[PDB]
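Reproduced below: structure04.tsv, with TSV, N, CA, C and O atoms and all ligand atoms.
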```
chain	number	residue	atom	x	y	z
E	597	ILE	N	2.43	-15.36	11.91
E	597	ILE	CA	1.21	-14.64	11.58
E	597	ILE	C	1.17	-13.34	12.38
E	597	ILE	O	1.50	-13.32	13.57
E	598	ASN	N	0.79	-12.25	11.71
E	598	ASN	CA	0.70	-10.92	12.32
E	598	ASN	C	2.03	-10.48	12.91
E	598	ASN	O	2.07	-9.70	13.87
E	599	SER	N	3.13	-10.96	12.34
E	599	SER	CA	4.47	-10.60	12.80
E	599	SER	C	5.44	-10.78	11.65
E	599	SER	O	5.04	-11.10	10.52
E	600	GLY	N	6.72	-10.58	11.93
E	600	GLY	CA	7.75	-10.73	10.93
E	600	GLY	C	7.89	-9.50	10.05
E	600	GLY	O	7.29	-8.45	10.27
E	601	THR	N	8.72	-9.66	9.02
E	601	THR	CA	9.00	-8.59	8.07
E	601	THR	C	8.50	-8.91	6.66
E	601	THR	O	8.87	-8.21	5.71
E	602	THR	N	7.68	-9.94	6.51
E	602	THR	CA	7.14	-10.35	5.21
E	602	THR	C	5.66	-10.00	5.20
E	602	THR	O	4.83	-10.74	5.73
E	603	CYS	N	5.33	-8.86	4.59
E	603	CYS	CA	3.96	-8.38	4.50
E	603	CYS	C	3.54	-8.33	3.03
E	603	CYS	O	4.27	-8.77	2.14
E	604	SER	N	2.35	-7.79	2.78
E	604	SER	CA	1.83	-7.66	1.43
E	604	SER	C	1.13	-6.31	1.29
E	604	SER	O	0.63	-5.75	2.27
E	605	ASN	N	1.09	-5.81	0.06
E	605	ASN	CA	0.47	-4.52	-0.25
E	605	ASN	C	-0.96	-4.68	-0.76
E	605	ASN	O	-1.42	-3.87	-1.57
E	606	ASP	N	-1.66	-5.71	-0.30
E	606	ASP	CA	-3.03	-5.97	-0.73
E	606	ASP	C	-4.06	-5.12	0.01
E	606	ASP	O	-5.26	-5.42	-0.06
E	607	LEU	N	-3.63	-4.07	0.70
E	607	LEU	CA	-4.55	-3.20	1.43
E	607	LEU	C	-5.19	-2.21	0.46
E	607	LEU	O	-5.10	-2.35	-0.76
E	608	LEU	N	-5.86	-1.19	1.01
E	608	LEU	CA	-6.50	-0.19	0.16
E	608	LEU	C	-5.48	0.58	-0.66
E	608	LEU	O	-5.81	1.09	-1.74
E	609	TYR	N	-4.24	0.68	-0.18
E	609	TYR	CA	-3.16	1.34	-0.92
E	609	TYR	C	-2.70	0.40	-2.02
E	609	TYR	O	-1.76	-0.38	-1.85
E	610	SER	N	-3.36	0.48	-3.17
E	610	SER	CA	-3.09	-0.39	-4.31
E	610	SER	C	-2.82	0.44	-5.56
E	610	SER	O	-3.36	0.17	-6.64
E	611	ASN	N	-1.98	1.46	-5.42
E	611	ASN	CA	-1.57	2.33	-6.53
E	611	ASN	C	-2.78	2.98	-7.20
E	611	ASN	O	-3.10	2.72	-8.37
E	612	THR	N	-3.46	3.82	-6.44
E	612	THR	CA	-4.62	4.53	-6.95
E	612	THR	C	-4.22	5.51	-8.04
E	612	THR	O	-3.06	5.89	-8.18
E	613	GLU	N	-5.21	5.93	-8.83
E	613	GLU	CA	-4.99	6.83	-9.94
E	613	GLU	C	-5.08	8.28	-9.47
E	613	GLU	O	-5.93	8.63	-8.65
E	614	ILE	N	-4.20	9.13	-10.01
E	614	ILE	CA	-4.20	10.53	-9.64
E	614	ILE	C	-5.40	11.24	-10.28
E	614	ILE	O	-5.99	10.77	-11.26
E	615	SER	N	-5.75	12.39	-9.72
E	615	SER	CA	-6.87	13.18	-10.22
E	615	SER	C	-6.58	14.65	-10.01
E	615	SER	O	-5.90	15.04	-9.05
E	616	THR	N	-7.10	15.48	-10.91
E	616	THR	CA	-6.92	16.92	-10.87
E	616	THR	C	-8.27	17.61	-10.94
E	616	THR	O	-9.14	17.21	-11.72
E	617	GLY	N	-8.44	18.65	-10.12
E	617	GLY	CA	-9.67	19.42	-10.13
E	617	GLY	C	-10.28	19.63	-8.76
E	617	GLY	O	-10.84	20.70	-8.48
E	618	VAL	N	-10.17	18.63	-7.89
E	618	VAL	CA	-10.72	18.69	-6.54
E	618	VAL	C	-9.62	18.34	-5.55
E	618	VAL	O	-8.80	17.45	-5.81
E	619	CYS	N	-9.58	19.06	-4.43
E	619	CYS	CA	-8.55	18.83	-3.42
E	619	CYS	C	-8.91	17.62	-2.57
E	619	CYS	O	-10.03	17.52	-2.06
E	620	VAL	N	-7.96	16.69	-2.44
E	620	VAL	CA	-8.18	15.46	-1.70
E	620	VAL	C	-7.14	15.34	-0.59
E	620	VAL	O	-6.29	16.22	-0.42
E	621	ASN	N	-7.21	14.26	0.18
E	621	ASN	CA	-6.25	14.05	1.26
E	621	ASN	C	-4.88	13.67	0.69
E	621	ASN	O	-4.77	13.11	-0.40
E	622	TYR	N	-3.84	14.00	1.46
E	622	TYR	CA	-2.46	13.78	1.04
E	622	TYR	C	-1.79	12.79	1.98
E	622	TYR	O	-1.88	12.92	3.20
E	623	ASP	N	-1.12	11.80	1.40
E	623	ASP	CA	-0.24	10.89	2.14
E	623	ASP	C	1.03	10.65	1.35
E	623	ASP	O	1.54	9.53	1.28
E	624	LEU	N	1.56	11.70	0.73
E	624	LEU	CA	2.71	11.60	-0.16
E	624	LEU	C	3.99	11.61	0.66
E	624	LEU	O	4.47	12.67	1.08
E	625	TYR	N	4.54	10.42	0.90
E	625	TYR	CA	5.84	10.26	1.56
E	625	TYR	C	5.85	10.89	2.95
E	625	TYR	O	6.74	11.67	3.30
E	626	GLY	N	4.84	10.55	3.75
E	626	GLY	CA	4.74	11.06	5.10
E	626	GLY	C	4.43	12.54	5.17
E	626	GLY	O	5.08	13.28	5.91
E	627	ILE	N	3.43	12.98	4.41
E	627	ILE	CA	3.00	14.37	4.41
E	627	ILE	C	1.49	14.41	4.21
E	627	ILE	O	0.95	13.66	3.39
E	628	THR	N	0.82	15.28	4.96
E	628	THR	CA	-0.63	15.40	4.91
E	628	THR	C	-1.03	16.81	4.50
E	628	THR	O	-0.26	17.76	4.65
E	629	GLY	N	-2.23	16.92	3.97
E	629	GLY	CA	-2.76	18.20	3.54
E	629	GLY	C	-3.77	18.02	2.43
E	629	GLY	O	-4.12	16.90	2.06
E	630	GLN	N	-4.23	19.15	1.90
E	630	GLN	CA	-5.17	19.16	0.78
E	630	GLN	C	-4.74	20.23	-0.21
E	630	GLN	O	-3.97	21.13	0.11
E	631	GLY	N	-5.25	20.11	-1.44
E	631	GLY	CA	-4.95	21.08	-2.47
E	631	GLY	C	-5.23	20.59	-3.88
E	631	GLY	O	-5.07	19.41	-4.17
E	632	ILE	N	-5.66	21.51	-4.75
E	632	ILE	CA	-5.88	21.17	-6.15
E	632	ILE	C	-4.55	20.81	-6.81
E	632	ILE	O	-3.52	21.46	-6.57
E	633	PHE	N	-4.57	19.77	-7.63
E	633	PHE	CA	-3.42	19.38	-8.42
E	633	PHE	C	-3.46	20.06	-9.78
E	633	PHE	O	-4.53	20.27	-10.35
E	634	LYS	N	-2.28	20.42	-10.29
E	634	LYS	CA	-2.18	21.00	-11.63
E	634	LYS	C	-0.94	20.45	-12.32
E	634	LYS	O	0.16	20.51	-11.76
E	635	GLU	N	-1.12	19.91	-13.52
E	635	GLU	CA	0.00	19.36	-14.27
E	635	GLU	C	0.89	20.48	-14.80
E	635	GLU	O	0.40	21.43	-15.41
E	636	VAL	N	2.19	20.36	-14.57
E	636	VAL	CA	3.15	21.36	-15.01
E	636	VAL	C	4.45	20.66	-15.39
E	636	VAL	O	4.90	19.74	-14.70
E	637	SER	N	5.04	21.08	-16.51
E	637	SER	CA	6.28	20.49	-17.00
E	637	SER	C	7.45	21.10	-16.23
E	637	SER	O	7.76	22.28	-16.39
E	638	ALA	N	8.10	20.29	-15.41
E	638	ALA	CA	9.24	20.72	-14.61
E	638	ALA	C	10.38	19.74	-14.77
E	638	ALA	O	10.16	18.53	-14.90
E	639	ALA	N	11.61	20.26	-14.77
E	639	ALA	CA	12.79	19.42	-14.96
E	639	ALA	C	13.91	19.79	-13.99
E	639	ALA	O	15.09	19.71	-14.35
E	640	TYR	N	13.56	20.18	-12.77
E	640	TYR	CA	14.55	20.51	-11.74
E	640	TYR	C	14.61	19.45	-10.65
E	640	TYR	O	15.11	19.73	-9.55
E	641	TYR	N	14.12	18.25	-10.92
E	641	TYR	CA	14.16	17.15	-9.97
E	641	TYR	C	15.37	16.26	-10.22
E	641	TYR	O	16.03	16.33	-11.26
E	642	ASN	N	15.66	15.40	-9.25
E	642	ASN	CA	16.75	14.44	-9.36
E	642	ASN	C	16.26	13.04	-9.02
E	642	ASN	O	15.05	12.82	-8.86
E	643	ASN	N	17.19	12.08	-8.91
E	643	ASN	CA	16.80	10.71	-8.60
E	643	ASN	C	16.33	10.59	-7.15
E	643	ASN	O	15.28	10.00	-6.88
E	644	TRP	N	17.10	11.14	-6.22
E	644	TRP	CA	16.77	11.07	-4.80
E	644	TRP	C	15.75	12.12	-4.37
E	644	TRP	O	15.39	12.16	-3.19
E	645	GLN	N	15.29	12.96	-5.29
E	645	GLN	CA	14.38	14.06	-4.97
E	645	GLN	C	13.00	13.77	-5.54
E	645	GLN	O	12.88	13.42	-6.72
A	160	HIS	N	36.51	-10.36	10.44
A	160	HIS	CA	37.36	-9.77	9.43
A	160	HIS	C	36.69	-9.92	8.07
A	160	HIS	O	35.83	-10.78	7.87
A	161	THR	N	37.11	-9.08	7.13
A	161	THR	CA	36.53	-9.07	5.79
A	161	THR	C	37.62	-8.82	4.77
A	161	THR	O	38.39	-7.86	4.89
A	162	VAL	N	37.70	-9.68	3.76
A	162	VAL	CA	38.64	-9.53	2.67
A	162	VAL	C	37.88	-9.08	1.43
A	162	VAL	O	36.65	-9.08	1.38
A	163	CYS	N	38.63	-8.68	0.41
A	163	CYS	CA	38.07	-8.28	-0.87
A	163	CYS	C	38.52	-9.25	-1.95
A	163	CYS	O	39.66	-9.73	-1.93
A	164	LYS	N	37.63	-9.53	-2.90
A	164	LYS	CA	37.92	-10.48	-3.97
A	164	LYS	C	39.02	-10.00	-4.91
A	164	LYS	O	39.53	-10.81	-5.69
A	165	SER	N	39.38	-8.72	-4.86
A	165	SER	CA	40.43	-8.20	-5.72
A	165	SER	C	41.80	-8.67	-5.24
A	165	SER	O	42.41	-8.04	-4.37
A	166	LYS	N	42.28	-9.77	-5.81
A	166	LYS	CA	43.60	-10.33	-5.50
A	166	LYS	C	43.74	-10.64	-4.00
A	166	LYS	O	44.57	-10.07	-3.29
A	167	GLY	N	42.89	-11.55	-3.53
A	167	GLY	CA	43.01	-12.02	-2.16
A	167	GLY	C	44.32	-12.76	-1.94
A	167	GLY	O	44.83	-13.44	-2.83
A	168	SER	N	44.87	-12.62	-0.73
A	168	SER	CA	46.20	-13.12	-0.43
A	168	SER	C	46.19	-14.27	0.56
A	168	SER	O	46.71	-15.35	0.25
A	169	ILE	N	45.61	-14.09	1.75
A	169	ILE	CA	45.65	-15.13	2.77
A	169	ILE	C	44.25	-15.49	3.24
A	169	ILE	O	43.79	-16.62	3.07
A	170	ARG	N	43.55	-14.52	3.83
A	170	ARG	CA	42.31	-14.79	4.53
A	170	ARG	C	41.11	-14.75	3.57
A	170	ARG	O	41.24	-14.46	2.38
A	171	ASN	N	39.94	-15.06	4.11
A	171	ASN	CA	38.69	-15.06	3.36
A	171	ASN	C	37.67	-14.20	4.09
A	171	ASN	O	37.82	-13.87	5.27
A	172	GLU	N	36.61	-13.83	3.36
A	172	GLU	CA	35.57	-12.97	3.90
A	172	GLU	C	34.66	-13.79	4.81
A	172	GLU	O	33.90	-14.64	4.34
A	173	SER	N	34.73	-13.52	6.11
A	173	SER	CA	33.89	-14.23	7.08
A	173	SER	C	33.76	-13.36	8.32
A	173	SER	O	34.72	-13.21	9.08
A	174	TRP	N	32.57	-12.78	8.51
A	174	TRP	CA	32.31	-11.94	9.67
A	174	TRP	C	31.04	-12.30	10.43
A	174	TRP	O	30.82	-11.74	11.51
A	175	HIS	N	30.21	-13.21	9.92
A	175	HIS	CA	29.01	-13.63	10.62
A	175	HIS	C	28.65	-15.04	10.18
A	175	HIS	O	29.03	-15.49	9.10
A	176	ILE	N	27.91	-15.74	11.04
A	176	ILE	CA	27.45	-17.09	10.77
A	176	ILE	C	25.94	-17.12	10.95
A	176	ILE	O	25.43	-16.90	12.05
A	177	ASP	N	25.22	-17.39	9.86
A	177	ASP	CA	23.76	-17.43	9.88
A	177	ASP	C	23.31	-18.49	8.89
A	177	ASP	O	23.46	-18.31	7.67
A	178	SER	N	22.74	-19.58	9.40
A	178	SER	CA	22.25	-20.65	8.53
A	178	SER	C	20.92	-20.30	7.87
A	178	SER	O	20.55	-20.93	6.88
A	179	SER	N	20.20	-19.30	8.39
A	179	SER	CA	18.94	-18.87	7.82
A	179	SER	C	18.88	-17.35	7.82
A	179	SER	O	19.50	-16.69	8.66
A	180	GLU	N	18.13	-16.80	6.88
A	180	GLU	CA	18.00	-15.35	6.76
A	180	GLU	C	17.05	-14.83	7.83
A	180	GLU	O	15.87	-15.19	7.82
A	181	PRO	N	17.51	-13.99	8.76
A	181	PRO	CA	16.62	-13.50	9.81
A	181	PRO	C	15.65	-12.44	9.30
A	181	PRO	O	15.64	-12.11	8.11
A	182	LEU	N	14.82	-11.91	10.20
A	182	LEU	CA	13.88	-10.86	9.83
A	182	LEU	C	14.64	-9.56	9.57
A	182	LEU	O	15.28	-9.02	10.47
A	183	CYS	N	14.57	-9.08	8.34
A	183	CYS	CA	15.32	-7.90	7.91
A	183	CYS	C	14.37	-6.76	7.57
A	183	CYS	O	13.34	-6.97	6.94
A	184	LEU	N	14.74	-5.55	8.00
A	184	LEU	CA	13.94	-4.36	7.76
A	184	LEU	C	14.40	-3.55	6.56
A	184	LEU	O	13.58	-2.89	5.92
A	185	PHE	N	15.69	-3.59	6.23
A	185	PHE	CA	16.21	-2.81	5.12
A	185	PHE	C	17.45	-3.50	4.55
A	185	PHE	O	18.35	-3.86	5.31
A	186	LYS	N	17.47	-3.67	3.23
A	186	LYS	CA	18.61	-4.28	2.55
A	186	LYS	C	18.54	-3.88	1.08
A	186	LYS	O	17.58	-4.25	0.40
A	187	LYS	N	19.53	-3.13	0.61
A	187	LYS	CA	19.51	-2.65	-0.77
A	187	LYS	C	20.93	-2.39	-1.24
A	187	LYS	O	21.90	-2.50	-0.49
A	188	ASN	N	21.04	-2.07	-2.53
A	188	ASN	CA	22.32	-1.80	-3.18
A	188	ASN	C	22.23	-0.50	-3.96
A	188	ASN	O	21.17	-0.14	-4.49
A	189	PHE	N	23.35	0.21	-4.03
A	189	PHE	CA	23.46	1.45	-4.78
A	189	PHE	C	24.70	1.40	-5.66
A	189	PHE	O	25.61	0.60	-5.44
A	190	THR	N	24.73	2.28	-6.66
A	190	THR	CA	25.85	2.37	-7.59
A	190	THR	C	26.51	3.74	-7.47
A	190	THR	O	25.91	4.71	-6.99
A	191	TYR	N	27.76	3.81	-7.92
A	191	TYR	CA	28.52	5.05	-7.89
A	191	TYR	C	29.59	5.00	-8.98
A	191	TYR	O	29.74	3.99	-9.68
A	192	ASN	N	30.33	6.09	-9.11
A	192	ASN	CA	31.38	6.20	-10.12
A	192	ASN	C	32.63	5.49	-9.62
A	192	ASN	O	33.17	5.85	-8.56
A	193	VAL	N	33.10	4.50	-10.37
A	193	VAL	CA	34.25	3.70	-9.95
A	193	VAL	C	35.57	4.44	-10.10
A	193	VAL	O	36.60	3.96	-9.59
A	194	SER	N	35.59	5.58	-10.78
A	194	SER	CA	36.80	6.37	-11.00
A	194	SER	C	36.60	7.73	-10.35
A	194	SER	O	36.13	8.67	-10.99
A	195	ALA	N	36.96	7.83	-9.07
A	195	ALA	CA	36.83	9.07	-8.32
A	195	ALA	C	38.02	9.22	-7.39
A	195	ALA	O	38.86	8.33	-7.27
A	196	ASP	N	38.08	10.37	-6.71
A	196	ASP	CA	39.17	10.66	-5.79
A	196	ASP	C	38.84	10.20	-4.37
A	196	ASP	O	39.56	9.38	-3.79
A	197	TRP	N	37.76	10.72	-3.80
A	197	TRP	CA	37.34	10.35	-2.46
A	197	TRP	C	35.82	10.22	-2.43
A	197	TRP	O	35.11	10.70	-3.31
A	198	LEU	N	35.33	9.55	-1.39
A	198	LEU	CA	33.91	9.33	-1.18
A	198	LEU	C	33.52	9.84	0.20
A	198	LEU	O	34.19	9.54	1.19
A	199	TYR	N	32.45	10.63	0.26
A	199	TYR	CA	31.98	11.23	1.50
A	199	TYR	C	30.73	10.51	1.98
A	199	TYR	O	29.88	10.11	1.18
A	200	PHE	N	30.62	10.35	3.30
A	200	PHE	CA	29.46	9.72	3.92
A	200	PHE	C	29.07	10.51	5.16
A	200	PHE	O	29.91	11.12	5.81
A	201	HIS	N	27.78	10.47	5.48
A	201	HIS	CA	27.23	11.25	6.58
A	201	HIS	C	26.14	10.43	7.25
A	201	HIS	O	25.14	10.09	6.61
A	202	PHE	N	26.31	10.12	8.54
A	202	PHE	CA	25.35	9.31	9.26
A	202	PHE	C	24.97	10.00	10.56
A	202	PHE	O	25.79	10.66	11.20
A	203	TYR	N	23.70	9.84	10.95
A	203	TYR	CA	23.21	10.37	12.22
A	203	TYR	C	21.85	9.75	12.51
A	203	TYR	O	21.29	9.01	11.70
A	204	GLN	N	21.33	10.07	13.70
A	204	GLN	CA	20.04	9.57	14.13
A	204	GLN	C	19.34	10.64	14.96
A	204	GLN	O	19.99	11.47	15.60
A	205	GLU	N	18.01	10.61	14.94
A	205	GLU	CA	17.20	11.57	15.67
A	205	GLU	C	15.81	10.99	15.88
A	205	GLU	O	15.19	10.52	14.92
A	206	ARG	N	15.34	11.03	17.13
A	206	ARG	CA	14.01	10.53	17.48
A	206	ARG	C	13.83	9.07	17.06
A	206	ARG	O	12.75	8.65	16.64
A	207	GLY	N	14.90	8.29	17.18
A	207	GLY	CA	14.87	6.89	16.81
A	207	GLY	C	14.92	6.62	15.32
A	207	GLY	O	14.86	5.45	14.92
A	208	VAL	N	15.04	7.65	14.49
A	208	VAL	CA	15.10	7.50	13.04
A	208	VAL	C	16.54	7.72	12.60
A	208	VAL	O	17.14	8.75	12.90
E	701	LIG	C1	33.65	9.40	-13.14
E	701	LIG	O1	34.68	10.34	-12.83
E	701	LIG	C2	35.55	10.64	-13.93
E	701	LIG	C3	36.63	11.56	-13.41
E	701	LIG	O2	36.15	12.35	-12.32
E	701	LIG	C4	34.73	11.26	-15.07
E	701	LIG	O3	35.58	11.50	-16.18
E	701	LIG	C5	35.44	12.88	-16.59
E	701	LIG	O4	34.32	13.06	-17.46
E	701	LIG	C6	34.12	14.42	-17.87
E	701	LIG	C7	32.86	14.45	-18.70
E	701	LIG	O5	33.11	14.04	-20.04
E	701	LIG	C8	35.35	14.92	-18.63
E	701	LIG	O6	35.17	16.29	-18.96
E	701	LIG	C9	36.60	14.75	-17.78
E	701	LIG	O7	37.76	15.09	-18.54
E	701	LIG	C10	36.73	13.30	-17.30
E	701	LIG	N1	37.88	13.16	-16.43
E	701	LIG	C11	38.69	12.09	-16.46
E	701	LIG	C12	39.83	12.10	-15.49
E	701	LIG	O8	38.50	11.15	-17.23
E	701	LIG	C13	33.59	10.33	-15.46
E	701	LIG	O9	32.76	10.96	-16.43
E	701	LIG	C14	32.76	9.96	-14.24
E	701	LIG	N2	31.71	9.02	-14.60
E	701	LIG	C15	30.46	9.11	-14.15
E	701	LIG	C16	29.51	8.05	-14.62
E	701	LIG	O10	30.10	10.00	-13.39
```

So that I can check it, write out the structure of this file as structure tokens.
Amino acid sequence: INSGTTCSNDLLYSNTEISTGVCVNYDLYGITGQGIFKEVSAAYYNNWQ
Amino acid sequence: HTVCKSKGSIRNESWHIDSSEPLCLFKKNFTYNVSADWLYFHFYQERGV
């Protein structure tokens, strides 16, 4: 209990829904900040990127 | 020592003895092209990461 490597994702981080229009807090892959989101069609990404 | 299943000759694959799976932090598999010339790898550490 309260140890080991077997945990669960039942915390507040439960795959929340994205939103556009208002700047919110950022926790995207160990990065913080704020900013308005805007949907844009981009195709310069890769699998590891 | 470690052998490969591709036409084994004498020895067998045996490098550790563990009757139970210990606490593991990372374990995964990746794929690559089986028909290539050479494979490059790069390892390092910084600030404990
Ligand atoms: C794995 O590597 C081989 C050789 O490097 C790739 O075969 C080449 O594929 C290209 C794309 O059609 C051809 O133009 C070359 O003539 C092929 N070379 C040979 C020697 O066959 C193969 O496509 C690679 N596979 C993957 C999944 O990356």

Within 7 Å of ligand LIG 701 (chain E), counting all atoms listed in the file: which residues, as a ChimeraX atom specification?
/A:191-196

Per residue of chain E within 7 Å of chain A, record the nearest atom pair and its distance in Å to one decimal, counting all atoms listed in the file, with rows in chain order and ascending residue number, as CSV.
```
residue,atom,partner,partner_atom,distance
E:600,C,A:182,CA,6.1
E:601,CA,A:183,O,4.8
E:602,N,A:183,O,6.4
```

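Across the model, the gap from CA of residue 206 (chain A) to CA of residue 598 (chain E) is 25.8 Å.
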
Would you kindly return, as a PyMOL selection string, each protein, DNA or RNA residue with an atom no farther than 12 Å from any atom of residue 634 (chain E), considering only C-alpha atoms and excluding same-chain residues fewer than 5 positions away?
chain E and resi 614-619

For region 605-614 of chain E, take all atoms listed in the file, fit an axis-aligned box around them, add 6 Å to each of the six sides, then output centre and edge lengths in Å rounded to one decimal, as lines of an AutoDock Vina configuration file.
```
center_x = -2.7
center_y = 2.6
center_z = -4.9
size_x = 19.6
size_y = 29.2
size_z = 24.7
```

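When CA of residue 204 (chain A) is paired with CA of residue 163 (chain A), their separation reads 29.5 Å.
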
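Counting from CA of residue 187 (chain A), the distance to atom N of residue 626 (chain E) is 20.2 Å.
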
Residue neighbourhood residue 171 (chain A), 8 Å, only N, CA, C and O atoms, exclusion window fewer than 5 positions, as an MDAnalysis selection string
chainID A and resid 160:163

Given the block above, output region 163-196 of chain A with C-alpha atoms as a PDB file, in the first residue's frame.
```
ATOM      1  CA  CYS A 163      19.597 -16.591 -29.909  1.00  0.00           C
ATOM      2  CA  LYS A 164      16.816 -18.891 -31.095  1.00  0.00           C
ATOM      3  CA  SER A 165      18.134 -18.660 -34.673  1.00  0.00           C
ATOM      4  CA  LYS A 166      19.836 -22.068 -35.023  1.00  0.00           C
ATOM      5  CA  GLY A 167      21.066 -22.550 -31.479  1.00  0.00           C
ATOM      6  CA  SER A 168      24.074 -24.838 -31.212  1.00  0.00           C
ATOM      7  CA  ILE A 169      25.146 -25.632 -27.632  1.00  0.00           C
ATOM      8  CA  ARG A 170      24.060 -23.248 -24.884  1.00  0.00           C
ATOM      9  CA  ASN A 171      20.700 -21.763 -23.884  1.00  0.00           C
ATOM     10  CA  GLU A 172      19.507 -18.274 -22.970  1.00  0.00           C
ATOM     11  CA  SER A 173      20.012 -17.858 -19.216  1.00  0.00           C
ATOM     12  CA  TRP A 174      21.288 -14.645 -17.617  1.00  0.00           C
ATOM     13  CA  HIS A 175      19.086 -14.119 -14.534  1.00  0.00           C
ATOM     14  CA  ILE A 176      17.034 -16.129 -12.042  1.00  0.00           C
ATOM     15  CA  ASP A 177      13.778 -14.608 -10.772  1.00  0.00           C
ATOM     16  CA  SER A 178      10.862 -16.708  -9.528  1.00  0.00           C
ATOM     17  CA  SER A 179       8.639 -13.607  -9.298  1.00  0.00           C
ATOM     18  CA  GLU A 180       8.374 -10.393 -11.292  1.00  0.00           C
ATOM     19  CA  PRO A 181       9.957  -7.567  -9.243  1.00  0.00           C
ATOM     20  CA  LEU A 182       8.871  -3.925  -9.155  1.00  0.00           C
ATOM     21  CA  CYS A 183       9.532  -2.598 -12.664  1.00  0.00           C
ATOM     22  CA  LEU A 184       9.555   1.042 -13.776  1.00  0.00           C
ATOM     23  CA  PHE A 185       9.907   0.639 -17.557  1.00  0.00           C
ATOM     24  CA  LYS A 186       9.466  -2.314 -19.917  1.00  0.00           C
ATOM     25  CA  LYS A 187       8.443  -2.047 -23.565  1.00  0.00           C
ATOM     26  CA  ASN A 188       9.101  -3.276 -27.101  1.00  0.00           C
ATOM     27  CA  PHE A 189       9.855  -1.488 -30.366  1.00  0.00           C
ATOM     28  CA  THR A 190       9.990  -2.498 -34.024  1.00  0.00           C
ATOM     29  CA  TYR A 191      12.473  -1.756 -36.795  1.00  0.00           C
ATOM     30  CA  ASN A 192      13.378  -2.733 -40.352  1.00  0.00           C
ATOM     31  CA  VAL A 193      14.728  -6.296 -40.436  1.00  0.00           C
ATOM     32  CA  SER A 194      16.643  -5.638 -43.689  1.00  0.00           C
ATOM     33  CA  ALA A 195      19.223  -2.927 -42.992  1.00  0.00           C
ATOM     34  CA  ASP A 196      22.985  -2.405 -42.994  1.00  0.00           C
TER      35      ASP A 196
END
```
